[PDB]
Amino acid sequence: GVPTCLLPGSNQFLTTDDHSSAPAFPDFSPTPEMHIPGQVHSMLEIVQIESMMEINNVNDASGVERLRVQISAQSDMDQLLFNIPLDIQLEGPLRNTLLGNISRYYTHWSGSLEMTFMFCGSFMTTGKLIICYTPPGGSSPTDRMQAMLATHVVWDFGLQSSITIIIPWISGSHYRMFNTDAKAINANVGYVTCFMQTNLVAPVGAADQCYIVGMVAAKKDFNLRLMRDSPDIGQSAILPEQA
Amino acid sequence: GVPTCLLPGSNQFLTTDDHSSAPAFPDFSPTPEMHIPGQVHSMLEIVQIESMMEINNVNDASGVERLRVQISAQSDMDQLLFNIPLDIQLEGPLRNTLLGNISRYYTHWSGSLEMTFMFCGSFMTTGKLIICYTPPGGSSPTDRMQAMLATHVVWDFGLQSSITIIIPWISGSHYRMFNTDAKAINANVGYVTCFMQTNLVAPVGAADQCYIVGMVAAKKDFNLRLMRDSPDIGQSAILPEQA
Amino acid sequence: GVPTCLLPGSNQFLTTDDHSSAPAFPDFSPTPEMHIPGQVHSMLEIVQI
Amino acid sequence: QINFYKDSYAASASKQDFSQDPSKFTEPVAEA
Amino acid sequence: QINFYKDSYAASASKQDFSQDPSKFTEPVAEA
Amino acid sequence: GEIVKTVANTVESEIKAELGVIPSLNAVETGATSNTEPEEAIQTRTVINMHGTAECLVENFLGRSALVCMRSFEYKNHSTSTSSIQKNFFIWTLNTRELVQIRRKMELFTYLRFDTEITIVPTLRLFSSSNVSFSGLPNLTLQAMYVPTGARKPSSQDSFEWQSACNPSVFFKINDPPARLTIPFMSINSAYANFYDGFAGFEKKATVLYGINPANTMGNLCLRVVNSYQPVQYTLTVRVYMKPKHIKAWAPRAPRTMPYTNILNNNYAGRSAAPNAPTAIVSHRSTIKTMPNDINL
Amino acid sequence: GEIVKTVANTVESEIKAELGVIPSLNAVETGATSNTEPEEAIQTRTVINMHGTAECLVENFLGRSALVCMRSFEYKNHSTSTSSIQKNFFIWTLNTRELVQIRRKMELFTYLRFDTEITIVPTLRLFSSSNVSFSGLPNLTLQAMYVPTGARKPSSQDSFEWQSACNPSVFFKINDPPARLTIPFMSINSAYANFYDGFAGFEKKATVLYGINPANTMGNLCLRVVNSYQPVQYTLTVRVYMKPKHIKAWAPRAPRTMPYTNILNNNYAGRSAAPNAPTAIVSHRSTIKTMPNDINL
Amino acid sequence: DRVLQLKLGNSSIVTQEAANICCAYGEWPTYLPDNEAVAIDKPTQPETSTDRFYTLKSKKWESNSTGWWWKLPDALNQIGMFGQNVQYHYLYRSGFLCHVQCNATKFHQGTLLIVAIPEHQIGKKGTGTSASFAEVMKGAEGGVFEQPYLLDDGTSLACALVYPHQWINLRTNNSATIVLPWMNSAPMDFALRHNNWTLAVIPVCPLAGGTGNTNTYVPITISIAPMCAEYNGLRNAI
Amino acid sequence: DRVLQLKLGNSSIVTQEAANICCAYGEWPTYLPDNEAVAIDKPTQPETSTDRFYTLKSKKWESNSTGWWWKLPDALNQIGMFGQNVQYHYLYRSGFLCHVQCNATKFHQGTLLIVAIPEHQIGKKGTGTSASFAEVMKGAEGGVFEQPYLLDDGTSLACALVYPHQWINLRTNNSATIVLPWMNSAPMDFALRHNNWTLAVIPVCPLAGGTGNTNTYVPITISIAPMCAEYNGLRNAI
């Protein structure tokens with residue numbers, strides 16, 4: 001016969017193997033292919049889609065109250081309104097997102113993100129905001145006089161309801177980590193802060209209180225590398241037929 | 001030697017495998033091929049052959065009485081004469097057929113059927129019947145005023161003894177199921193009903209009572225897909241040499 | 001390595017098999033062929049007698 | 001098919017025979 | 001890919017499909 | 001004979017009220033099956049159907065490995081104070097009739113020609129003796145010997161008929177993958193006959209049985225445990241699986257409805273009641289106007 | 001659709017103060033995702049990026065072998081003073097919903113078409129009886145038989161439904177490498193549906209359940225110990241691993257956040273508190289101005 | 001068409017109410033080809049003393065008749081030079097043309113299924129013992145179906161339409177014709193111990209009539225013609 | 001642009017504050033191709049008696065409203081010749097154009113997410129029993145979200161933007177239009193037992209106004225047009 005030696009890793013089962021296997025139903029004719037809308041070829045197509053962040057992830061907020069940040073006319077100036085921890089891996093606003101959910105099936109990532117903030121006030125409510133992305137290295141800014149030193153976009157309300165700030169890929173390494181440690185140089189992305197630029201101004205007939213909805217998505221330079229079981233879903237027993 | 005790794009599913013016995021195997025009788029010369037009539041290449045050749053349905057599958061009918069539906073002159077009009085459950089999988093008229101027996105070795109099916117009904121009365125017995133196929137969704141019709149709204153053929157007796165109604169393939173899915181549940185959307189085919197169109201009329205010298213023989217077959221669009229052990233034949237012990 | 005699956009009837013001994021097998025005496029030179037009368041190639045030659 | 005033995009009958013299945021003539025059974029009549 | 005069996009569905013993975021059209025989901029608007 | 005890989009396509013049809021053209025009518029008395037088209041009985045649309053037919057081919061319908069035999073014997077010392085014969089072997093006369101699924105599939109055809117593939121699957125167990133530790137399952141060497149008709153049979157484990165100098169024999173172990181080999185088409189005729197309307201002998205007596213086919217004198221499989229008896233018991237069960245190859249089938253059949261009662265004939269006792277009773281094959285419904293599974297809303 | 005093996009390169013951009021050009025502004029109400037480029041929102045440099053995208057392809061994201069079932073049964077003599085039935089077998093109705101990782105990955109898409117690869121991994125142990133020496137693990141022969149819907153099931157180890165003349169069955173041993181085979185795409189439809197907004201029956205009653213897909217009547221896997229019972233006990237655990245192949249996915253989904261409570265529906269009870277509570281999916285922070293992981297120096 | 005004439009040797013059958021000619025499996029009896037032959041001895045091909053219509057005894061069609069079967073060549077093994085070529089020869093090969101006759105008035109109703117079954121092995125009800133030689137070999141007399149609904153077998157009459165078949169529906173038809181080729185796994189056979197075609201006549205719908213036409217004497221007649229008959233192994237008569 | 005007119009059959013909808021037209025997954029409803037068809041019977045394509053705007057009942061937008069969903073084709077299964085082609089036919093196929101209307105003053109604020117979810121299987125909270133027929137099939141009346149934050153499912157509203165969606169932000173928009181193709185694994189479906197698109201209207205930001213503009217009566221109106229509708233399996237009405 002043909003001489004043969006059986007190498008290590010011969011008889012085993014590697015869940016990531018890729019081989020042909022015996023067909024149980026020989027000559028089976030599967031149902032003809034049919035055009036169905038929305039065919040997905042890559043998961044990078046999905047993370048490119050906007051999805052809301054739970055910026056108001058606070059105890060007092062329940063349900064849809066968590067998807068909208070609440071903005072009011074200020075009696076002060078230069079005031080911080082809200083922040084966003086860019087920790088995808090940890091329990092933060094970006095977790096419950098397409099970017100967050102899908103990326104969390106992976107361990108490494110790279111690429112620019114976009115945050116889009118849509119103003120949900122009155123046509124009569126005007127205002128200017130400054131949204132700043134601060135690369136890592138220090139505290140999260142609390143003063144607009146420092147946040148503006150970083151990447152920022154001033155957002156004037158108007159007929160265009162939304163503003164996009166790009167969170168540029170600013171990393172020493174080609175990739176970052178979905179690590180349990182937020183403060184590791186390989187994992188942290190920085191901070192996104194929002195300050196008042198002038199104020200929120202609404203006339204008497206309009207509400208003084210307004211909502212901003214934040215959505216995040218990946219850009220076309222986004223990459224996800226090392227696959228893993230998602231920590232979001234868990235199990236302690238085989239799911240039964242009745243609860 | 002040649003490096004080799006032994007994949008999962010190596011040493012096993014899959015009853016549907018397809019490989020060459022050692023010849024026990026080397027250089028054996030089998031008996032020469034000889035022309036025998038009726039060579040079969042596909043089982044779709046067989047289900048295309050007509051075969052009687054046990055339409056009169058009732059307790060009071062024994063044997064050949066079950067293969068013939070009994071038709072009489074009516075004193076009423078528009079009356080239902082008989083129905084046919086199209087449930088191949090379940091115990092119905094179509095089970096004990098070539099279509100039924102052979103298809104029951106399979107789990108999925110598709111294609112049009114034909115029912116042929118042959119009048120076995122007198123040359124003097126005239127009449128018109130309306131045979132209706134009702135797609136699924138509701139009750140089986142009991143009134144000709146509804147059955148005619150579905151697929152139907154009016155059948156006038158004459159020198160041509162038989163009528164064919166095509167049960168068209170009307171399904172959302174490419175295939176249906178030989179499922180234990182008759183009322184599942186994947187399994188049910190509808191209903192076939194027969195009503196009087198005018199009446200059965202026979203002169204005094206001829207019998208007032210007449211027989212119709214129903215036969216069913218598949219058409220050339222018929223397909224059977226997933227193979228299975230037939231539920232029709234069973235066994236509790238190895239068949240002995242003496243009963 | 002080369003992927004491989006071991007089919008049924010792999011490790012067995014079928015007395016009618018027909019394969020090459022390891023030579024125990026490598027490079028052995030068998031005695032030269034010599035013409036001997038009455039060479040038989042088939043058993044149908046014998047039943048004809 | 002595929003075969004690793006001399007004998008033709010040792011070969012694998014021959015499943016490439018898609019011919020059909022139901023007329024042998026559905027129209028076995030001399031005159032059409 | 002690679003296959004040692006007749007049936008096409010027995011074959012190994014088909015991982016050479018690098019097409020992307022996110023516009024189906026990111027710009028699903030009639031007018032650009 | 002046309003080639004049919006995919007089922008027929010459907011052609012578009014329009015209204016039709018022509019005289020002299022009656023496609024839905026036909027004459028069953030000719031022995032012919034209705035040639036009525038869906039297109040001329042109803043109004044149809046154009047359907048390009050790509051559904052395959054490969055899986056109704058007789059090569060696939062029959063070309064599946066099926067159990068044809070299952071024999072067990074006790075692997076022990078059968079020698080007593082009188083006889084020395086060892087009996088850790090069984091002899092099986094080959095047939096496709098001991099198990100009904102394979103039997104009925106291939107009684108769907110009058111004549112079959114097929115080279116057949118046999119796979120032997122042995123399984124051991126330890127017999128529950130009065131006091132025996134389950135000390136594991138030995139890797140015994142089994143010998144399956146094909147004994148063609150007219151050859152002398154082994155009547156013992158130690159018999160010298162087991163040389164298998166001429167008889168084909170396969171040696172395999174418990175732990176090894178199941179034994180396999182291909183038996184050719186061996187009928188003295190051009191095909192196996194699943195049914196034989198006649199007698200296999202030239203004599204008229206009662207001992208010449210009806211339905212026995214002389215060409216189906218198919219020989220025997222003798223299987224032995226080559227290892228001699230252990231101190232303790234084992235029950236060896238051998239399942240033989242048989243797979244027709246290169247099938248060629250003739251003259252389809254009326255499918256069996258009654259249960260099989262034996263392998264020597266096709267006699268039947270039937271069910272007590274429907275389904276599959278002699279007087280009632282299909283189960284009952286109250287009336288011909290009754291829907292057992294009527295959809296109620 | 002353009003080909004994307006490597007992620008987008010970045011182009012160099014300069015200062016810009018043009019009127020009528022507002023790239024960072026956009027209209028979310030259109031349903032469209034922001035098309036703002038990094039190049040026109042900030043000043044960028046030229047970056048030639050060679051990072052691959054192969055490992056986010058759905059073939060790789062889904063094409064990993066995942067546990068879908070884990071059944072165990074006691075391999076022993078189940079015969080009592082009353083019943084002879086042997087029960088060293090289990091029957092599993094096939095589904096991708098008993099284990100959450102595989103379930104949720106593939107509820108990320110509404111419709112999937114994939115030929116699936118099944119690997120069966122059996123493991124034995126010796127049951128800790130009142131008094132039993134650990135006399136080793138036998139090399140039992142197992143039989144996994146696919147029973148398509150409508151076919152009769154085995155209700156015993158010794159049943160004759162196990163012929164598997166038609167049903168595909170695979171025989172494998174404990175010590176051999178795990179059994180493997182490829183099941184094709186079998187839906188009567190063009191794709192499997194992970195979600196079905198409807199009812200699988202024509203009737204209205206309560207017994208017709210919401211979310212049950214008729215096309216997902218996917219049949220059953222019956223697994224048996226072919227070896228008959230040993231004198232002593234063994235607990236056979238079978239893990240079935242399933243690997244989609246040639247996947248084709250449609251209509252991505254909102255990912256599951258609540259735990260699964262069952263396989264017949266997508267109902268949820270939720271966490272007591274965040275994370276993954278019905279009122280709070282993401283865990284809390286004190287205020288929208290609070291950094292839980294603020295860097296302190 | 002319906003009017004048909006069958007001229008074989010001396011014989012000539014006319015029928016003015018025929019359905020058609022059923023050629024079993026589309027074949028037409030032929031003589032054994034040289035490349036299919038086995039027996040080397042030269043065959044005898046009488047061609048007119050055997051290949052002719054042999055009309056068997058008629059059966060009375062009752063309102064309760066189960067059905068009749070005739071086994072071939074058994075039915076003809078004593079009739080004419082056909083039987084005397086069978087008796088004097090070990091080996092036999094032929095095809096058969098079977099013509100069944102049944103007339104009734106236009107006021108009568110009924111339906112006969114005329115089936116030619118290959119290798120119709122008769123299974124018997126309520127016993128494990130195989131059918132005896134006498135219960136199977138009845139010759140020109142033929143046999144009667146105990147269980148037409150199962151074809152005196154574990155099979156069904158409903159699925160009997162796989163076999164070469166014709167009906168005699170008295171509305172449409174009074175005669176049925178089936179052409180039977182040589183149907184065997186061997187190029188020949190010993191005609192005295194094996195039958196290859198069973199011609200079965202089974203009433204599916206009973207013979208009935210109206211007032212005054214009840215209980216009419218309606219016979220059923222079988223005419224069988226050997227076709228391309230050849231015999232081999234000439235020896236003494238058996 | 002923002003000004004839009006939709007002319008379908010009899011109907012014609014104008015809106016002067018529109019965002020755009022959302023074509024779900026970039027598709028545009030088409031009739032079933034011949035090579036994708038399954039049912040051989042000829043389909044009926046009314047093209048004007050069905051393919052037209054059907055305006056459903058209006059919902060009142062409260063400051064505490066959770067959201068509303070309408071299931072298709074269920075919502076239209078009794079409205080017009082569309083419903084009467086569904087009732088009289090076993091099989092159904094169509095696309096839908098959904099137009100949602102909500103006006104408010106420039107002094108009002110609010111935001112509606114208009115989502116068209118395919119195969120939106122409703123999971124229910126605090127029970128293992130599946131949703132009943134009544135709680136799922138509400139027709140033109142539609143349903144109300146118990147849990148908009150989870151989409152009456154174990155999923156999330158944040159990630160609902162995968163689905164074909166538009167917003168009605170009263171600053172920018174008063175109407176949203178989504179074009180829904182045929183979204184199924186089968187070329188047809190039984191319209192009375194399966195819904196393929198769920199149109200969900202969910203307030204993400206509550207309706208609010210300032211002094212004097214509080215508690216304004218702001219309705220939400222749904223207009224749905226079947227698109228390229230075709231029916232098959234003509235039978236009696238169900």
# chains A, B, ... in the order shown; residues from 1 in each chain; ligands from 1
call {"tool": "interface_residues", "arguments": {"of": "chain A", "to": "chain D", "cutoff": "12 Å", "atoms": "only C-alpha atoms", "output": "list in words"}}
result
residues 1, 26, 27 and 28 of chain A
call {"tool": "write_last_selection", "arguments": {"atoms": "N, CA, C and O atoms", "output": "compact mmCIF listing (two decimals), in the first residue's frame"}}
result
# COMPACT_ATOMS: atom_id res chain seq x y z
N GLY A 1 0.82 -1.24 0.00
CA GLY A 1 0.00 0.00 0.00
C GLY A 1 0.83 1.26 0.00
O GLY A 1 2.06 1.21 -0.03
N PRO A 26 -27.15 11.37 -0.27
CA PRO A 26 -26.55 11.39 -1.60
C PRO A 26 -27.55 11.82 -2.66
O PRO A 26 -28.73 11.47 -2.62
N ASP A 27 -27.05 12.60 -3.61
CA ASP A 27 -27.81 13.10 -4.75
C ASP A 27 -28.96 14.01 -4.34
O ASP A 27 -29.91 14.19 -5.10
N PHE A 28 -28.89 14.58 -3.14
CA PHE A 28 -29.95 15.46 -2.67
C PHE A 28 -30.01 16.72 -3.51
O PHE A 28 -28.97 17.32 -3.82
call {"tool": "residues_around", "arguments": {"residues": "residue 124 (chain F)", "least_positions_apart": "2", "cutoff": "9 Å", "atoms": "only C-alpha atoms", "output": "list in words"}}
result
residues 122, 126, 137, 138, 174, 234, 235, 236, 237 and 238 of chain F; 140, 227 and 228 of chain G
call {"tool": "write_last_selection", "arguments": {"atoms": "C-alpha atoms", "output": "PDB file, in the first residue's frame"}}
result
ATOM      1  CA  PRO F 122     -19.826  -6.875  15.278  1.00  0.00           C
ATOM      2  CA  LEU F 126     -20.423  -9.407  28.839  1.00  0.00           C
ATOM      3  CA  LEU F 137     -14.455  -6.142  26.037  1.00  0.00           C
ATOM      4  CA  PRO F 138     -11.697  -8.144  24.313  1.00  0.00           C
ATOM      5  CA  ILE F 174     -14.056  -5.940  17.198  1.00  0.00           C
ATOM      6  CA  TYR F 234     -19.555 -12.912  25.883  1.00  0.00           C
ATOM      7  CA  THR F 235     -22.560 -12.481  23.611  1.00  0.00           C
ATOM      8  CA  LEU F 236     -21.369 -11.662  20.107  1.00  0.00           C
ATOM      9  CA  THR F 237     -23.987 -10.040  17.884  1.00  0.00           C
ATOM     10  CA  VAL F 238     -23.195  -9.598  14.196  1.00  0.00           C
TER      11      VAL F 238
ATOM     12  CA  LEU G 140     -19.181   0.458  22.254  1.00  0.00           C
ATOM     13  CA  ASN G 227     -24.073  -3.147  21.932  1.00  0.00           C
ATOM     14  CA  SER G 228     -26.587  -4.762  24.239  1.00  0.00           C
TER      15      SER G 228
END
call {"tool": "interface_residues", "arguments": {"of": "chain I", "to": "chain F", "cutoff": "8 Å", "atoms": "only C-alpha atoms", "output": "PyMOL selection string"}}
result
chain I and resi 34-43
call {"tool": "write_last_selection", "arguments": {"atoms": "N, CA, C and O atoms", "output": "short mmCIF file (atom, residue, chain, number, x, y, z; two decimals), in the first residue's frame"}}
result
data_model
loop_
_atom_site.label_atom_id
_atom_site.label_comp_id
_atom_site.auth_asym_id
_atom_site.auth_seq_id
_atom_site.Cartn_x
_atom_site.Cartn_y
_atom_site.Cartn_z
N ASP I 34 -40.74 34.12 -13.73
CA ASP I 34 -41.12 32.78 -14.15
C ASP I 34 -40.18 31.73 -13.58
O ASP I 34 -40.62 30.63 -13.22
N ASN I 35 -38.89 32.04 -13.50
CA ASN I 35 -37.89 31.10 -13.00
C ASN I 35 -37.87 31.00 -11.49
O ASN I 35 -37.20 30.11 -10.95
N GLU I 36 -38.59 31.87 -10.79
CA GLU I 36 -38.74 31.77 -9.35
C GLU I 36 -40.11 31.24 -8.93
O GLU I 36 -40.32 31.00 -7.74
N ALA I 37 -41.01 31.04 -9.88
CA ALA I 37 -42.37 30.64 -9.56
C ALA I 37 -42.43 29.18 -9.16
O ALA I 37 -41.57 28.37 -9.52
N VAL I 38 -43.47 28.84 -8.41
CA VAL I 38 -43.68 27.49 -7.91
C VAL I 38 -45.07 27.04 -8.32
O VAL I 38 -45.24 25.97 -8.91
N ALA I 39 -46.07 27.85 -8.00
CA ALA I 39 -47.45 27.52 -8.33
C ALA I 39 -47.66 27.64 -9.83
O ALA I 39 -47.36 28.68 -10.42
N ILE I 40 -48.18 26.58 -10.43
CA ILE I 40 -48.31 26.54 -11.88
C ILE I 40 -49.56 27.26 -12.35
O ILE I 40 -49.60 27.75 -13.48
N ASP I 41 -50.60 27.31 -11.52
CA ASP I 41 -51.83 27.97 -11.92
C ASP I 41 -51.57 29.44 -12.17
O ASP I 41 -50.73 30.07 -11.53
N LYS I 42 -52.29 29.98 -13.12
CA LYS I 42 -52.09 31.34 -13.57
C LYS I 42 -52.46 32.37 -12.51
O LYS I 42 -53.57 32.30 -11.95
N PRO I 43 -51.60 33.33 -12.21
CA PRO I 43 -51.93 34.33 -11.19
C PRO I 43 -52.79 35.45 -11.72
O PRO I 43 -52.84 35.74 -12.92
#
call {"tool": "interface_residues", "arguments": {"of": "chain C", "to": "chain E", "cutoff": "12 Å", "atoms": "only C-alpha atoms", "output": "MDAnalysis selection string"}}
result
chainID C and resid 3:5
call {"tool": "write_last_selection", "arguments": {"atoms": "C-alpha atoms", "output": "tab-separated table (two decimals), in the first residue's frame"}}
result
chain	number	residue	atom	x	y	z
C	3	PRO	CA	-6.52	14.59	5.07
C	4	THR	CA	-7.74	11.01	5.31
C	5	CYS	CA	-10.81	9.04	6.41
call {"tool": "select_by_dssp", "arguments": {"residues": "chain E", "states": "alpha helix (DSSP H)", "output": "list in words"}}
result
residues 23, 24, 25 and 26 of chain E
call {"tool": "write_last_selection", "arguments": {"atoms": "N, CA and C atoms", "output": "PDB file, in the first residue's frame"}}
result
ATOM      1  N   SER E  23     -24.481  49.765   1.063  1.00  0.00           N
ATOM      2  CA  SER E  23     -25.498  50.718   0.639  1.00  0.00           C
ATOM      3  C   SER E  23     -26.901  50.141   0.761  1.00  0.00           C
ATOM      4  N   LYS E  24     -27.035  48.815   0.725  1.00  0.00           N
ATOM      5  CA  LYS E  24     -28.335  48.200   0.962  1.00  0.00           C
ATOM      6  C   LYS E  24     -28.911  48.640   2.298  1.00  0.00           C
ATOM      7  N   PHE E  25     -28.044  48.895   3.271  1.00  0.00           N
ATOM      8  CA  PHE E  25     -28.442  49.197   4.636  1.00  0.00           C
ATOM      9  C   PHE E  25     -28.073  50.602   5.076  1.00  0.00           C
ATOM     10  N   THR E  26     -27.030  51.186   4.491  1.00  0.00           N
ATOM     11  CA  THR E  26     -26.566  52.505   4.893  1.00  0.00           C
ATOM     12  C   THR E  26     -27.122  53.624   4.024  1.00  0.00           C
TER      13      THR E  26
END
call {"tool": "calpha_fit_and_write", "arguments": {"fixed": "chain E", "moving": "chain D", "output": "PDB file with C-alpha atoms, in the first residue's frame"}}
result
ATOM      1  CA  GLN D   1     -12.121  24.614  -1.697  1.00  0.00           C
ATOM      2  CA  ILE D   2     -11.737  20.830  -1.857  1.00  0.00           C
ATOM      3  CA  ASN D   3     -14.091  17.868  -2.200  1.00  0.00           C
ATOM      4  CA  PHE D   4     -13.619  14.100  -2.181  1.00  0.00           C
ATOM      5  CA  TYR D   5     -17.294  13.220  -2.743  1.00  0.00           C
ATOM      6  CA  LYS D   6     -19.714  13.474  -5.651  1.00  0.00           C
ATOM      7  CA  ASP D   7     -22.141  15.843  -3.949  1.00  0.00           C
ATOM      8  CA  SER D   8     -21.358  19.538  -4.234  1.00  0.00           C
ATOM      9  CA  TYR D   9     -22.814  20.243  -0.793  1.00  0.00           C
ATOM     10  CA  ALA D  10     -20.286  17.917   0.847  1.00  0.00           C
ATOM     11  CA  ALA D  11     -17.506  20.298  -0.118  1.00  0.00           C
ATOM     12  CA  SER D  12     -15.433  22.406   2.222  1.00  0.00           C
ATOM     13  CA  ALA D  13     -16.146  26.012   3.129  1.00  0.00           C
ATOM     14  CA  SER D  14     -16.432  28.692   0.447  1.00  0.00           C
ATOM     15  CA  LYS D  15     -14.565  31.562   2.064  1.00  0.00           C
ATOM     16  CA  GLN D  16     -13.574  33.536  -1.037  1.00  0.00           C
ATOM     17  CA  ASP D  17     -16.572  35.903  -1.145  1.00  0.00           C
ATOM     18  CA  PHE D  18     -15.247  39.373  -0.408  1.00  0.00           C
ATOM     19  CA  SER D  19     -18.109  41.348  -1.936  1.00  0.00           C
ATOM     20  CA  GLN D  20     -19.658  44.156   0.098  1.00  0.00           C
ATOM     21  CA  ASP D  21     -22.665  46.393  -0.553  1.00  0.00           C
ATOM     22  CA  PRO D  22     -23.416  48.265   2.679  1.00  0.00           C
ATOM     23  CA  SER D  23     -25.498  50.718   0.639  1.00  0.00           C
ATOM     24  CA  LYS D  24     -28.335  48.200   0.962  1.00  0.00           C
ATOM     25  CA  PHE D  25     -28.442  49.197   4.636  1.00  0.00           C
ATOM     26  CA  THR D  26     -26.566  52.505   4.893  1.00  0.00           C
ATOM     27  CA  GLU D  27     -28.047  54.327   1.865  1.00  0.00           C
ATOM     28  CA  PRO D  28     -31.390  52.607   1.145  1.00  0.00           C
ATOM     29  CA  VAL D  29     -32.809  55.836  -0.285  1.00  0.00           C
ATOM     30  CA  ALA D  30     -34.314  56.284  -3.735  1.00  0.00           C
ATOM     31  CA  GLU D  31     -32.776  59.711  -4.387  1.00  0.00           C
ATOM     32  CA  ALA D  32     -29.047  60.058  -3.744  1.00  0.00           C
TER      33      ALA D  32
END
call {"tool": "residues_around", "arguments": {"residues": "region 57-72 of chain H", "least_positions_apart": "5", "cutoff": "8 Å", "atoms": "only C-alpha atoms", "output": "PyMOL selection string"}}
result
chain H and resi 137+139-148+195-203+206-208+215+217-222
call {"tool": "write_last_selection", "arguments": {"atoms": "C-alpha atoms", "output": "short mmCIF file (atom, residue, chain, number, x, y, z; two decimals), in the first residue's frame"}}
result
data_model
loop_
_atom_site.label_atom_id
_atom_site.label_comp_id
_atom_site.auth_asym_id
_atom_site.auth_seq_id
_atom_site.Cartn_x
_atom_site.Cartn_y
_atom_site.Cartn_z
CA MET H 137 -50.94 -25.70 -11.52
CA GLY H 139 -53.78 -25.61 -16.57
CA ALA H 140 -56.49 -24.76 -19.05
CA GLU H 141 -58.98 -24.75 -16.17
CA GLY H 142 -57.27 -21.82 -14.48
CA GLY H 143 -57.72 -20.64 -10.93
CA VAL H 144 -59.98 -18.42 -8.86
CA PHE H 145 -58.93 -15.51 -6.67
CA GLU H 146 -59.63 -16.04 -3.00
CA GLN H 147 -58.39 -12.48 -2.42
CA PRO H 148 -58.56 -10.32 -5.53
CA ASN H 195 -44.86 -19.79 -15.14
CA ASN H 196 -43.78 -16.35 -16.23
CA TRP H 197 -47.06 -14.61 -16.96
CA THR H 198 -50.22 -14.85 -14.90
CA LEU H 199 -53.25 -13.55 -16.77
CA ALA H 200 -55.74 -12.35 -14.16
CA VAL H 201 -59.34 -11.34 -14.87
CA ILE H 202 -60.75 -9.50 -11.87
CA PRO H 203 -64.16 -7.82 -11.56
CA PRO H 206 -69.85 -6.19 -10.44
CA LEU H 207 -71.92 -7.30 -13.38
CA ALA H 208 -75.40 -5.87 -12.90
CA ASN H 215 -78.97 -12.66 -13.68
CA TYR H 217 -75.60 -15.48 -18.36
CA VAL H 218 -72.43 -13.54 -19.23
CA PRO H 219 -69.42 -15.79 -19.93
CA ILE H 220 -65.79 -14.72 -19.95
CA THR H 221 -63.61 -16.38 -22.58
CA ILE H 222 -59.81 -16.42 -22.82
#
call {"tool": "interface_residues", "arguments": {"of": "chain F", "to": "chain A", "cutoff": "6 Å", "atoms": "only C-alpha atoms", "output": "number ranges by chain"}}
result
F: 52, 54-55
call {"tool": "write_last_selection", "arguments": {"atoms": "N, CA, C and O atoms", "output": "PDB file, in the first residue's frame"}}
result
ATOM      1  N   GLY F  52     -34.487  18.680  -9.013  1.00  0.00           N
ATOM      2  CA  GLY F  52     -33.781  17.533  -9.527  1.00  0.00           C
ATOM      3  C   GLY F  52     -34.544  16.238  -9.351  1.00  0.00           C
ATOM      4  O   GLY F  52     -35.481  16.132  -8.563  1.00  0.00           O
ATOM      5  N   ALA F  54     -32.498  13.244  -9.242  1.00  0.00           N
ATOM      6  CA  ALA F  54     -31.444  12.279  -8.965  1.00  0.00           C
ATOM      7  C   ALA F  54     -31.830  11.344  -7.837  1.00  0.00           C
ATOM      8  O   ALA F  54     -31.343  10.211  -7.763  1.00  0.00           O
ATOM      9  N   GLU F  55     -32.696  11.802  -6.942  1.00  0.00           N
ATOM     10  CA  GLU F  55     -32.859  11.098  -5.686  1.00  0.00           C
ATOM     11  C   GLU F  55     -34.034  10.136  -5.746  1.00  0.00           C
ATOM     12  O   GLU F  55     -34.344   9.478  -4.747  1.00  0.00           O
TER      13      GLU F  55
END
